[PDB]
Structures are given as C-alpha cells and as structure tokens.
Amino acid sequence: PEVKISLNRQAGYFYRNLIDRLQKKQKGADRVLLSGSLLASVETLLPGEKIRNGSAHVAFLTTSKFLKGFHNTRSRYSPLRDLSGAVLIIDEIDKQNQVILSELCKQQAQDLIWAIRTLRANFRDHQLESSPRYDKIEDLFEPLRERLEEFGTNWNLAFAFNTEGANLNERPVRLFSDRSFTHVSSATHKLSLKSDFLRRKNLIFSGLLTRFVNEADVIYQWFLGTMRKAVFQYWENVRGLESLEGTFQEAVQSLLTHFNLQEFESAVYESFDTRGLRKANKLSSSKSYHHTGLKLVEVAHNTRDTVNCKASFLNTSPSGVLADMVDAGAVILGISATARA
Amino acid sequence: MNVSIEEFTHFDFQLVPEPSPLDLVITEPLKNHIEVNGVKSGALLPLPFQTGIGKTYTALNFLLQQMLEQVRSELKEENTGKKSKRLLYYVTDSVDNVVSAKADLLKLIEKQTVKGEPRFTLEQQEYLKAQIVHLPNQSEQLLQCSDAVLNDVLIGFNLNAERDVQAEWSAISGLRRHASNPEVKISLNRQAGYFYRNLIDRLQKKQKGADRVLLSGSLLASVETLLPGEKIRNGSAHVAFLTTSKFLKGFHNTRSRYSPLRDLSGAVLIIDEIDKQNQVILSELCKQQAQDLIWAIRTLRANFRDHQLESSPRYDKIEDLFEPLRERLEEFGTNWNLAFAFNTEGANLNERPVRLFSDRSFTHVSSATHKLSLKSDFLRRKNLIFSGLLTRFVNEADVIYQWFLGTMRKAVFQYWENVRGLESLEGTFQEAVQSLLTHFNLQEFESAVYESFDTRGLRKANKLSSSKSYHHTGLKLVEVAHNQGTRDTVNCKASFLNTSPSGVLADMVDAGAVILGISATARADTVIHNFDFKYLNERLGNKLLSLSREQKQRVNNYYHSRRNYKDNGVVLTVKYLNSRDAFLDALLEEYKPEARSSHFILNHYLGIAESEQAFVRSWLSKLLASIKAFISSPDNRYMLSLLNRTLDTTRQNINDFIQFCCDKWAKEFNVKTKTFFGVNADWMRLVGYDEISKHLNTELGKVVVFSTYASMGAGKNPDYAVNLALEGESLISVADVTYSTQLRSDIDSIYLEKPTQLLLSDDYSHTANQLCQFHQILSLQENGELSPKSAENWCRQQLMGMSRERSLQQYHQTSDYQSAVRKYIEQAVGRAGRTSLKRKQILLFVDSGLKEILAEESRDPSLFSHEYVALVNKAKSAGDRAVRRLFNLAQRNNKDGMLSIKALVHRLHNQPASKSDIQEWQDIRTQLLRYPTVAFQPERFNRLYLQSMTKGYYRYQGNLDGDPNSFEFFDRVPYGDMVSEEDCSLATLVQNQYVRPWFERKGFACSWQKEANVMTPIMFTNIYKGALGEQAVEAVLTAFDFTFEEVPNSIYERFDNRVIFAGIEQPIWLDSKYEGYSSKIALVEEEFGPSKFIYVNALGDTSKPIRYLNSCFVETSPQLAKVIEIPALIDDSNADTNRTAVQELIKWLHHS
C-alpha cells in the first residue's frame, strides 16, 4: 500500500509532464498527427481527447474534476466555460455545496501591494497592438488605467509599505470584509496609513488601511474582470478574421504579453472558471453575498522593514456557482433525498 | 558530546612526523608565498603528483597539519576571543573519492604515529574527528539519516502536526525497507530529494521567525546530523568534504543557504584532479536558466521609473548606485520604444526561429542570412523585426541586464556595510536582496540575483584600458522566437556565460583562497580539458605558485625510489599496432566460412555501413592484434582496452566476433580468458568490478576489459588483491616492504586507441550543450590556437546546427587537440602505476596513429610516469605551437582593437558623448603615446599591443577599413606595410625645438623601445599617428601663445581642440592630421554659430602654399575663406617650424 502512495505522487507529476509536452508539440508548427493505434493510445491516456474530437459526449467525473477541467491533446478543457446546452446529473447535489466550497477555498492568496504596484507600473506605459485582433479591446482597459494612476497618486505607490506601531509589529494585522457592509479588523485601534515623503515610505501606524485594502481589492478584481471581457472581445474579433477554450488560451497569453503582465497568468486562469461563469455590488443591482463573496487580508512582513498584504478572496459562494451554471445554459438534475433541505 | 579543545593543552605542536619529499614540496612554496604575498593573499599551487606516489596521503596529511595549526591558534586566541576560524575544503568531482578521502583522513587521525607512538590520544582523536564534516547531495543526506533523528527533529520543530509533511515522511520511511530494488531505489532517491528540500525550507522558515527554536542537546545533535552544514555555521567544524557541484551550489544550514564562494577569505582548498574541474565548473556554469531580455528590460524600465528606496540608514548611498541604471533604462526605453511589444516580419523569420551569438567583444554571429533590423511602427504600436539593428538592441539589453545584476551585488555589499555600522556577509546577503527587490517591486528577479551572485559576485571590465579576456566576459546566446500560445509577440530568450572556469578559479584565488590542485596532469597545455594557465598566470602572477626545478627533481627522485622499475627488473614493452587487412580478413573468413563474399556479406553481418567499412576494419584489426599479442604473453594476466566507442548491445555483432577471436586464441594458446564488454561507469560501479576482482583473485587465467577514455575516468581503481598461491613469483614489488601493508596489483597490459571524442558536451539541456561548444571555441580563440577567421567560421557553423563529427573535425586541426590526446594517454597509462606490485614485463599496445603525437612530446619528463616515458622514448626513436599561436594572437588583438575602436568612436559620435567614453579615448591615446612598445605585455592595455617576432617593429598586410580576418603579419607578409618608428617619422618629429620639450614634459616616448610588444596596426594607424600629429601641433602652436580647450561633448572627436587667441572672440576650431568634411562644418556652425576652422598637417613640406578654403572646401580669398589649410606646420626634412605658416595664420584671424 505504501508503494502505491509514492507511485501515485510520481505518476501524477509525470502525467502532468507528459501531457504538457504533448500539448506543446500540438501547439508547435510540427504538430504530431494521431490516427489508428497512435490516436487510440493517446485517447486511452487522455479521456478528454475523445471529448475534444467528438468521439464521446457523455463524461463521468467528480465535482472537483468538473470544476478543475480535464486535459486533451491540445489544451485544458474547462466545462464551466462551455455549459451552453450541456445537460448535468449531479448525484447528491446538496453535498456538492461543501465540495464546491472546498474548491473555492483553495485559491492562491495574492499580495495586493505587489499586484497593484505591478499593474500600475505596467499599465502606465505599455500598449496593445492596433491590429484587428485588439479592435475595441484597448478601450476596455482605459478606465482601469485611469483608476490605477489615480490610486497610485493618492496612496503614493512609489513607496513601499511598513508598520510604525509596536502593536502592529507584535501582532499580525488581519482584515476581514464581506465587501458590502460587514467589516472587521484584528487591530483594536483604528489603523491609518500615511506617506512619509522624508522617509519615502508608506507607514501603517495606529487615510485608512481598510480603505486602502478595499480599494486595492476592487482594482485587482476589476483587472481580472476586464481581462475576462478582453478575452471575450478577442474571441469575437478572431472569429471575424477567419473553440472558446482554445481562443481563451491564445487571448490571455497575448494580452498579458503585450502589457508585460505575464506574472498574472496564473491568477487569470483561476479567475475565469469561478467568475467568468456568470450582478454588481451596487444598491441599484441585485445585492447578495452569494455573488459578492468575501475577502480576508493578512498584513505582515515579507526583510523587517517591508510589509505585504496577502489577500485571500472568495468571489462567489457555491450557490452563486450553481446559479451561474444554470444561467450559462446548463440543465442540472440534482438527485438527492434531501435536495431541498 | 562537547569534546573540549583543552585536551590539546599539553599536545606538542612542535612534534611532527618526518616530512616526505612531497610534504616539503607542498610546504616550501606556501612558506615563500606567505613571505612574498603576505598572510591574506590567496594562491594556486598545482601539484603534479604521479599516481601511486602518495598524493592523497600527502594532501590529507597537509590538511591534518592545517587543522592542528587551527587548533593551536584556537588555544592561543581564547584569551583574545577573536576566533577567526579558517575553513578547509577537500573538493573533487566524484562522490566516491570524497567519501574515500574523508575515511582516509579519519584513518590517518586514528593511526598516525610519531617516533613509534600514537600521535593523538583517544580524546584528541575524537575531537579532531568532530571537526570533519561530509556534505553529500540532499537525497543521500536524507537517506543516510536515521528515522529516530528525523522524528526527533520533526517533534522539536512541531512539523509532525502538518499532514503533508508527515505523509511524505512516512512514504519515504517505508520505501527504505524495499530500497534493495533498483527502480525502487531511484524512486526513493527522487522522493528523498524532494522531501529534504521541502523539510529544509520549512525548517529555515521556522528558524527565521520570532518562534526560533532553541537547538541544544539531543535536538541539536539530530539537527546537525540532518544538516551537516549546521556544524560549520556554529563553529563545531571547519573541514568540509564535498563535491565541486556542491561546493559551487552551497549547502544549507539551520538558518539559510551557505555559499562557500562568497566566504573564501582565508580558506584552504584542496582540489583533487584539478584539471578535471574545468569541465565540472563549466557544466555547472552551463546549467544557468535563460532570461527573456524583452520582458526583463521592460520590467526593469517600468519598475525603476517610479519606485524608490526609503531614506533610512540601511540605504545610505544605495540609491546612488542605481541612478545611472535608471537613466540608462529611461534612455533605452525611449530609443527602442519599449511601450510596444516585439514581433517579426517575413516568411523566413517565421519559418526558422532566429539565433544570435556574441562573445561580447568582437565575435558576433547570427543565424539570419540577412541583416535583421528593428523598427517601431507607431501606427501599429509594434516593434517589428524585419529583414536600428536587432543585434544592437539585444547587445544593449544584455548590457543593461548584466548592469542591473552587478548593481544589485554592489547594493548588497553596501547594505551589509551599512547594517554592520548600525550594530556575517551571507546572512546579510539574503536580507539585502529581499529588501532591495521588494522596495523596487522587482521580486521577479529574486532567482536571477541569487544564482548569479555566488558565481559572478567574486568579480577587469569589457573595455580597452582594461584586462580584456574571454574569461571575464564569457559569451551570450539569444533565441528570438514567438511566445508560446501567441502568434504576434516575440521573446528574446538569452543564455549567458558570464565567466569561464578559469575565470572562476582566478576569482577564487583573488578572493583569498589558497588552492592546492593535486593532479598528474595539472599543467596540461590545453584549454579545453584544463584551465587556461596562460590566462591564470597573467591574472595571478606571483599568486600562481610553481615548483622550482630542484623541487621537481626531488619529486622525480621520490617517484623513482617509490617505483624502482630499473632495480627490480620491471620491463616496459611498447607495440605500435598498425592496421593489417589480411589478418582481419582471415579472422573474418574463419568466423563465417559460409559467406561467399568475404567482405560485403561479413561486414553486413557486423552491421557496418559501406562507408564505415575501412575505418571499422582498421581499428578492429588493431584491437584484435593487441588482444592476440596479449594472450600470447606467458605471464601477463590483466588487459585493459580503452576505445573511443563503448561496445554495448548496439554493437553485439562485433562483440561476438571479438569473443570468437579471443576463444580461438585461448584454445590455440590453451589459456582461459575472460572478456568484459560494455564496461561503463555504472556497470563497474554496480556489479562488474566485483566479478572482475573475483575472477582475478580466485581463478587462473587472462582477463580482457573493454572501456572508454571517458568511462575509465569515473571508475574504481584498476587494482585487485593478489593471491600469492596463484601468482607465485610472476609479480615483482617495485616499492619498499614497509609500505606494502596489503598485497594488490593492477593492470599489466593495456591497449590505447587514439582519442578523437575530445570536445566537451553537456547532456543536461540543448542550450547547455550550445553554451559548452561556444565556450570551447572561444577558449581556443582566446588562447591563440584558432585564428579569428577560423573561430568565426566555427561559431557560425555551430549556430547553424553543426554536427558533432564536423565539430571534432575542426578541433583536430588545433595543437590543443594533440595536447589533450597526450593528456588522456598519460592519464590512461598512469592507472598502471597505482600498485607497488608489477609483473616483470608490462604490455603497452597503442594505435600507430599516436606515434606522431607522442613523438612530438617536448615537456620536461622529470614528472612523467614510467609508462608515459616508455611510450615517448619509443616514439621518438622513429625520428610551431608558439609561432602560429603568435600569428593568431596578432590577428585577434588587431581584430579586437578594430571592432572596439570602431564601437568606441561610434559612441563618441553619439551626440551626448559620455564622460566615461571620452576618458577611455584619452586614456588609450595617452597609453599609446607614452608606451608605443613595452617589454612585457600589459595587464590593463593588453589589446593595444601584439607580441612581435622582431623587437620594436613588424610587417603586416591588411585593409584597416575592411575585414579584420584578412590581416597577415610577420613572415607571411615579407613585402607589406611596416609598423615601426621610422614609418611614423617620430624621430624627425622630435627634432623640432618645441615638440621635444613638450613630449619630455608630458612624458611621451620620444623614441620606440626595441621591445617585443608593439601596438597593433589599427592603433598605429588610426590612433598613434593622429595622436602624434595633435601633440606636435599643440606643442608648436602653444609656443606661440596659443591656448587649447577641450571640445564640448556634443561635437567631441569631430575636431582636435578648441583654440583661443588674443584679440579674437569668435570660436576657433582645430583639426589635426599627421562632402563628409562639409557636413561636419555645418553641424558645428549651426549650433555654435560662425567660427574659424584650422586644418593643419603636423609634418610635411613647408614649401607648399597656404590654401584659404571656404565652407565647401573651394579656394577663395582669405577674408571669404572659413577654413585655413596649412600644408605642413613642421618641415619634414629638417624639423624646422613653419614660421611663415604661423604668421599667415595669425593674420587670418585678425582679418575678422
């Protein structure tokens, strides 16, 4: 039994490596044609390849696999992005609230200070190409560029961040927010944020740190949403130049490369399956926790004089995910004795 | 248990065992070095100790003596408390040698005696043993760790609470029980490496936090067992045994990673098989990760535009280090429009990804047939690479990236300095890098900074007026290809070699390390299989210690006494086996008589292609002749065959034919024979050598071993235990009885095939191999073995995808290949002299192709081994490297000057002429003026001169405006331009009454010293003559109350100097000689307004009339002329001043 645990660790790592090279070969000009025995062998290794080539329409898989997606010979396929017309049979549906929540809670934390500084630095200058591939995409980022410039001017992002109060050094600063009306901080005292132009530092001492963190989170989520919209627009443009999943890989890489934001590649791929599935957080819209989610920020040292804001987000609840799946066009049959507990 | 140092309080540090000649040879050079270079200077001492002479024992005895001296100093320093503990390293490439050396050191500590009594007491021994630590690879380090120790450390640090770490620990722990199986063994090694990496990461994180665990007692012992480097960090051990790869990479302790390269001050470093470390260090240097230059520069340009460091004392003067880099980044981004991404144009660029190679000095090659340009399309907002220059863009980007890394290293040093004063360089280095990167928001470069810091942080520059050499600058290789997943963006994936292994060794010596490289061929005259020792001698000078002739003679005497072949009747037999077609044909016909067509069908059975039949037949004939002559021997029992190819299953037919011939001869001679095919490093390490030893010791008969020159260098010693009952008196001892504690013998017969595969190669990656090949080509060119033309052709072929066969074919044309062949042969035979037991006769079978190579050997044989001396003497009985090397270096020095001078002038003509460039230009001119020739080639201006065959001058033929590769020098140009004192007419120039005082006051050489090193043709023509003219004109005119001012940077180098004269207010410009001219007049006037220009030839005929020329260079009246042309200021026949020219000139200004 112990050999199986080590074998599975080796097998998963190798499977990722073999499929990664297989996808790179297909992406390259020297694509490997698969037919007869080679196609059958590749289909045996990749059940997803049969779904990609239309050999099979029915897929049996777990909720975790369904949310994560499965690889084919060319790229990763995410069912959440192609739910139009797709029937579903969720056994023990009520139990999937916990499973979807568990998947949603595994997302990587983001350093808001680093993310916003990088976004500002790379958006102040870099531009997209004026070819038909980015027709009307540059307009999507114009509001974001202006907001980034304004935010950087207001909060003096030319300076790094640090904590002045002894209480801040002794205890790590945790901030929680549901993004609408529930805000809590571990700091007993209200934490402010001043820019010391003499020391060229932004100092968190006991503007508001809560305000800064909330605005930074808003700008980061805005960047991710604008990236999703830009991918959609890129797909629209490419169609006319003479499918969604393949173009989605092409659209994200090109947009990030043009802006020099390749470091956000990982963050973007996670964002579309969870939030590209889909109201806004305005009083004139349908407010609900289930599609605004929550944010948890942790302020700590990186160095003993520089600080980072590790933010962990829940951008939607399992109910929001299910509702977005239904709205995407999926017909969901949840069979469960307690489906309506 | 803390064995106190007090146990040495009564130890007699004056009492030492009798020093053998090798010990004296080691100690005397070190004694003189301390006198000449002082305590704190490093040194490199290559020790050519022959095999079997006791090299390892001598090195370990020296190490023990150094350890005892450290103990003495510790016993004396306790009063002062300043514990400057010195680290001792024993480094080699093979882990087996590391383990063997450490075991032998412990054995020597245990068993060493002085005057017949134990040197150390039990407690002293236990203390010394604790000072020695072995640092294996992470996987083996974990596997050797017991389960109890790992559980103890996990409990102490509370990591057992984490589910994943416990799961992995268990998953490794059980696999241990089934480790016997091979595949299970490799899987377990992989898992152990991963788990150790993660565990050390977590442990360091735990220790860095405020919850730093307190290590003591059992937990401390367990941690030190898991992390041997911790013992070094806490000062419980200075001696470290480890491999070269581990030494370069560094080893972890409880707190952070420790890189020995950054803490070499005062270290002693014993490198076994030093020459072999050139390949190992190169292999490590070639594994460096590639960088996307476009992404790197865009990220650097963006994050540096705004982000700033804080004004705390931790960054005193650090912000100033980056100010030049910020300005350069802004300028670069503006020039190349880095607001746009990059893309290529044209079908050819899309069809093949582009490759650019550069040695960073004068060797540039691109895979593109056309000159690739780079334009910014502001309409499309792209930077388009279509057929500015892409080469220039890539070179500038690489310069800026390396500048950023160097400035980061400087900033780390400054941060460490500042923190020290705020009240441990490696610990601060981790803190300094993270803070600097976080403040600038450049955390993406953390990996790049760390990897480069140790390798190149040892740190003269890529400039004229500096010690230029490939071993500092290295090389760059750039691939321009589309980004994965995009078809409109492009990335410049650049792979760098920032230094060669010789540069690394020289930097280690300069850092303060004392290096003892023990190797039979430590000073082989090759730059591919050894460090470039010409370069090392230039950079180190006195620090490169060497053995005097007396010391070498003592080593020779000790070797002969320890191996007394002549007295004990051991005889060496050398047979130069030629190729015999009839012999092989008869053997083949006997092998398969059924084949009617003896040649074609039989060679088809062997699988030999029709083209390869001749070569295969020749080398197989030589091999079989050697085997037959060996089996016909009565007493010789052990044959080792060294081939250029390994006889694995892919050659099963030839293996079977060889076995059939061996069986035929065994039956004919009725002697049992055993053959071992495919004897590679892995096979003999695992099983093969055990069975070989069993056969040799237990059964009578002959043994034939087939291996390769590469395999034999990474295997066990070719020696076996001697069974006296079986061998009888056939074995002769060549050493004294007192040394033969165990009866063992080694090969008595050997076959040596000609080495051909003598180019290094890296199987780690395709890029690593490319870097290795380019490094080899550039090393050959730097040494002078290849002319710049040949080096450039070879580099271009390498870029295009050169085949290894063609690479070797081009390598074989260099004498370096012959030196490498001789080195490999000497190492092959040297394995025969390991043991003191020898057969009365030794069989040396060698391919006839090695006759000429060995016949040309000319080194002093005082250090050769007996077998090598036999081979050389036999070859020489049958009846250049420094001249062609001299011709090649002349071309390279000239080529480097031509390209560097052209590049420098180009930069000076960039309108904001940099201060550094102007200073370099003036420095070059001053150097050439003061020292037109030098006795010894200079360290800092080495590329201005070439070593002429004729002292004080030379002949050459070439177009100074054309290809640098077409130049010829010395005898090859009997009739050609002469670079000599007479050609520049310096002797006539100095006869002027005014020039001579000016030159003497300035220190310029009024005559050429008849030295070997003379300025290159490019310098003599472009720089020296112009400098002479300018200086003579300034001297003569300055005598007539003229004053001179430096020309402004904006128009620098376009005019000689600005001259002010009394009564004249309009600017005056001077141009000194010893359509394009019209464009220069417009450029100066449009900015500075009207001015009067002087065009004067320093030397010439005074009888020629003065010509007054207009702005367009057409004769006109003096009042209308803006340019005054003086045909000759000084008479060329009598050196008299042209006073009339001066009077007319003076009148010319006064007309305004």
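Residues numbered from 1 in each chain as written, not as in the entry; some residues may be left out. Chains lettered and ligands numbered in written order. Part of a larger assembly, values for the part shown. Heavy atoms only, no water.

- Method of determination, as annotated in the archive: cryo-EM, at 2.55 Å resolution.

**Focus: the nonpolar core**
Residues and elements named next belong to chain B.
- In this structure, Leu 44, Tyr 89, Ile 515 and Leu 752 are the most contacted members of the largest nonpolar core, which totals 111 residues.
- With residues near it in sequence (within four places) discarded, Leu 752 still touches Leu 642, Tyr 709, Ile 825, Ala 828, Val 829, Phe 845, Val 846, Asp 847, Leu 850 and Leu 871.
- With 77 residues, the next largest nonpolar core counts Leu 908, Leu 989, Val 1059 and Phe 1061 among its residues. (Core = buried A, V, L, I, M, F, W, Y, C linked by side-chain atoms within 4.5 Å. Buried < 20%, exposed > 50% of the residue type's maximum accessible area, 1.4 Å probe, protein only. Contact = heavy atoms within 4.5 Å.)

**A few points about the interface of chain A and chain B**
- Opposite the 42 residues of chain A that make contact, chain B presents 46 residues.
- Taken as a group, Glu 2, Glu 129 and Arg 200 of chain A account for 13% of the area that chain A buries against chain B, more than any other trio of residues on that side.
- Our count for the contact surface shared by chain A and chain B stands at six salt bridges.
- The partner of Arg 120 of chain A in a salt bridge is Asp 306 of chain B, and the shortest N-O contact between them spans 2.4 Å. (Buried area = accessible area lost by both parts, 1.4 Å probe. Salt bridge = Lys/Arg side-chain N within 4 Å of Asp/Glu carboxyl O.)

**Focus: the UniProt feature "binding site: ADP 2" (unreviewed entry) in chain B**
Residue and element names in this part refer to chain B.
- Following the UniProt record, the feature "binding site: ADP 2" (unreviewed entry) maps to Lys 55, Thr 56, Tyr 57 and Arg 562 here.
- Note on placement: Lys 55 falls in helix α2 (residues 55-77).
- Given the relative accessible area of 13%, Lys 55 is considered buried.
- Aside from chain neighbours lying at most four places away, what touches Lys 55 is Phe 49, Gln 50, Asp 272, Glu 273 and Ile 518.
- Among the structural elements, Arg 562 can be located in helix α22 (residues 549-562).
- Assessed through its relative accessible area of 11%, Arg 562 is described here as buried. (UniProt positions renumbered as here; feature names shortened; annotations may be inferred. Helix = DSSP H or I, 4+ residues; strand = E, 2+ residues; numbered from the N terminus.)

**Side note on the sheet that holds strand β17 (residues 490-497) of chain B**
All names here are of chain B.
- Pairing in this open sheet of five strands is antiparallel, and the strands run β10-β17-β16-β12-β13 from one edge to the other. Only two strands of the sheet have a single partner each, and these edge strands are β10 (291-292) and β13 (364-366).
- In this structure, β10 lies alongside β17, joined through two bridges in antiparallel fashion. Bridge pairing in β17 places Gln 291 opposite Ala 494. (Pairing = 2+ DSSP bridges.)

**Looking at the pattern of salt bridges**
- Applying the stated criterion across every chain, the model contains 84 salt bridges over all chains.
- Ionic pairing is found between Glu 138 of chain A and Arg 381 of chain B, a salt bridge with its closest N-O pair at 3.0 Å. A residue pair is termed interchain when its members come from two chains, as with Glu 138 of chain A in helix α7 (residues 137-155) and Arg 381 of chain B in the loop between β14 (373-377) and β15 (382-386).
- The class of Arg 381 of chain B is partly exposed, set by a relative accessible area of 25%.

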